[PDB]
Every structure is written in structure tokens, then in C-alpha cells.
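Novice: Okay, handing you the structure first.
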């Protein structure tokens, strides 16, 4: 189960 | 189960 | 189970 | 010649 | 000639 | 000629 | 404003 | 403002 | 403002 958010600036 | 967030500035 | 956040300045 | 497999869980 | 496998749990 | 595997736990 | 060039061999 | 060039061999 | 170039051999 995979999470890949290399440039995360999310609120 | 994987987390990869190398540039995380998220709120 | 993996964590990789090398530039984390998240709030 | 390019290899880019950032989240590799292959058998 | 390039190899980039930052998360690698492959068999 | 390049190798980059910062989280390698491959078998 | 975002730059993401993970394998850059550009001239 | 974000810069991410992990394998940069550019000229 | 972020800079991330872990394998920079650029000219």
C-alpha cells in the first residue's frame, strides 16, 4: 500500500 | 506499506 | 513499512 | 541510458 | 547511465 | 554512471 | 512555484 | 519555491 | 525556498 508525494505543499 | 515525501512543507 | 521525508518542514 | 524506479517492490 | 531506486524492497 | 538507492532493503 | 527534474542530463 | 534535482549531471 | 540535489555532478 503505497504513498509517494515527493513535492507535497498540501493544506 | 510505503511513505515517500522528500519535499514536504504541507500544512 | 517505510518512512522517507528528507526535506520535511511540514506544519 | 536511464533507470528510475523510485518505489520498487517487484518480484 | 543512471540508476535511481530510492525505496527498494524488491525480491 | 550513477547509483542511488537510499532505502534499499531488497532481497 | 515548482521545479522537479529528478534525472536531469539536459544540455 | 521548490527545486528538486536529485540526479543532476546537466551541462 | 528549497534546494535538493543529492547527486549533483552537473557542469
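Sequential numbering from 1, following the chain as shown.
From the backbone N, Cα and C atoms, a Cβ is placed for every residue, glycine too.
Relevant sequence annotations retrieved from Swiss-Prot are reproduced here:
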| type | residues | note |
| --- | --- | --- |
| CROSSLNK | B:5 | ubiquitin cross-link |
| MOD_RES | B:5 | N6,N6-dimethyllysine |
| MOD_RES | B:5 | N6-acetyllysine |
| SITE | B:5 | site 'Not glycated' |
| CROSSLNK | B:11 | ubiquitin cross-link |
| MOD_RES | B:11 | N6-acetyllysine |
| SITE | B:11 | site 'Not glycated' |
Novice: Roughly how many Å separate the Cα of residue B:11 (ubiquitin cross-link) from that of residue B:5 (ubiquitin cross-link), to the nearest whole number?
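Specialist: That comes out at 13 Å between the alpha carbons.
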Novice: Let me know the most crowded of the recorded sites, choosing from B:5, B:11 and counting other Cβ atoms within 10 Å.
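Specialist: In terms of Cβ crowding, the pick is B:5.
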